[PDB]
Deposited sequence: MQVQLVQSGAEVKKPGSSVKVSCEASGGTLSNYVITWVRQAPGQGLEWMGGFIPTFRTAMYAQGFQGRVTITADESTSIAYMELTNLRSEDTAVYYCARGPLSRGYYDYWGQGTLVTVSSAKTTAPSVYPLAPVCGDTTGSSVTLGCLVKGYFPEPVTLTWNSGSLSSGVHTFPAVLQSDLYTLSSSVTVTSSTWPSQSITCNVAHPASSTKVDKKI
């Protein structure tokens, strides 16, 4: 296999606190490589946070974070950590790790990104309502409503249905999130056979399947 960088899960933190995301080189090493962290506020672009060479014990930090941010790595030297203290609402963003070979500049291996929400808003579980034509080809939907914080995950027949699906970016209202997904199939499919909507809110331990 070729190295896969894997980050810890989405986090929620209240302003003033600290967050620490992990970056493990599943199937490889962080030694004599440049480990880099980069963030992205929603809708906006990439923001370098720092680089770190575990094998030289030297770091470089974006002036903007120097030094609320602290990039460390594990001995083994197989996992890298980013610790960002003094959290604020501004620091709500997806957080990526990546890895570049020494003295090259580029980073050719990226982690999968970890979401960090910085709010005082209480963790609320979603509510999942189905969408059907109550009243040639059929269009159905799930409605995942009034949850917090991001994110949720939504599947259709547990991924056995991926085409014809349109999952919509959540939106936030009255300090709460709402999200829809639509799936369209051939009319000889529903309700001849069943369609189930697979929703997941890790923040509230909420897993919910929904038939029809």
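If you line the structure up with the deposited chain, just one stretch is without a C-alpha atom: 136-140.
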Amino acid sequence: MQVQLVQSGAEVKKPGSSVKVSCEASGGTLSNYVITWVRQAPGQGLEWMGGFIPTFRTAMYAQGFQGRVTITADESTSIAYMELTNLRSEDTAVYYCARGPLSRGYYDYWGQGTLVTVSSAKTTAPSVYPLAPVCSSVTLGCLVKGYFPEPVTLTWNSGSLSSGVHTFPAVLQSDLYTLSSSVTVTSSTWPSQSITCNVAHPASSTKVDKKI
From here on, numbers count along this sequence of modelled residues.
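Mean CA temperature factor is higher for 73-81 when stretches 73-81 and 102-110 are set side by side in the entry.
When the C-alpha B-factors of 20-28 and 187-195 are averaged, 187-195 comes out higher. The residue among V134, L115, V128, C97 whose C-alpha atom has the highest B-factor in the PDB entry is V134. Ranked against the other modelled residues of its chain, the C-alpha B-factor of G159 as given in the entry falls in the highest third.
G43: CA B factor in the middle third of modelled residues in this chain (values from the PDB entry). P54: CA B factor lies in the highest third for its chain, per the PDB record. Compared with the other modelled residues of the chain, the Cα B-factor recorded for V12 ranks in the middle third. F65 sits in the middle third of its chain by CA B factor, as recorded in the PDB entry.
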